[PDB]
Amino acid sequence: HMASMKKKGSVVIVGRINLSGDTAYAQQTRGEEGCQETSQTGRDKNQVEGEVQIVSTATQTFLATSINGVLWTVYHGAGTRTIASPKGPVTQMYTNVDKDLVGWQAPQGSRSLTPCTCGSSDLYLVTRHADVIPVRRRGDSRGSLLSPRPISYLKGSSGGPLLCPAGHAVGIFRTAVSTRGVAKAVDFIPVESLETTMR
């Protein structure tokens, strides 16, 4: 009974959204069997690159975004889980259920986005399928899609970035705002909220 007590696995990086060139595209770096093993050991020796990682638990796949040397994602996806790394599991450096926000030290090899300082309300959401979707900022933590999509389109994009025209991080996508299955808007965690969390 106490001896049969299992532990939750680590979050595992299973790919990335490549934003380095003219074309955004998703790359897978680990398959399902490797993911399952790595989640249990917490030992991930794969090379990490890029700003936006595709991450998985046993039950969910979603995104994580590096900003100012922290890999950030949503609490509703990651919970309090460690992330797998070459040295074994790494404990969260930030955990905030009230903001729906968690973060780990950014993996060696990752690149970070810089927080936006320009005040622009013309944003771009990067999805787990590497779509770059225009979003008009409508408040501190909400934006509207210029073209509404079924919510399926956004499933698994939580933890991904909203970017300004200059490619700086404005926020982390948290949840879709939907009506009868159509997403018309998105809620996000503003980068200023991350910056406060960091000090």
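For every residue, the number given is its place in the sequence shown, counted from 1.
Checked against the record, the higher mean CA B factor of 49-57 and 30-38 lies with 30-38. Between 190-198 and 2-10, it is 2-10 that carries the larger average Cα temperature factor according to the deposited entry. For the set 84, 93, 125, 118, the PDB entry assigns the largest Cα B-factor to 118. Highest C-alpha temperature factor among 148, 161, 69, 139, as the PDB entry reports it: 148. In this PDB entry, the Cα temperature factor of residue 169 sits in the middle third of its chain's modelled residues. Among all modelled residues in this chain, the alpha-carbon of residue 73 has a temperature factor (C-alpha) in the lowest third. In the PDB entry, a CA B factor belonging to the lowest third of its chain's modelled residues is recorded for residue 80. In the PDB entry, residue 135 places in the middle third of its chain by CA B-factor.
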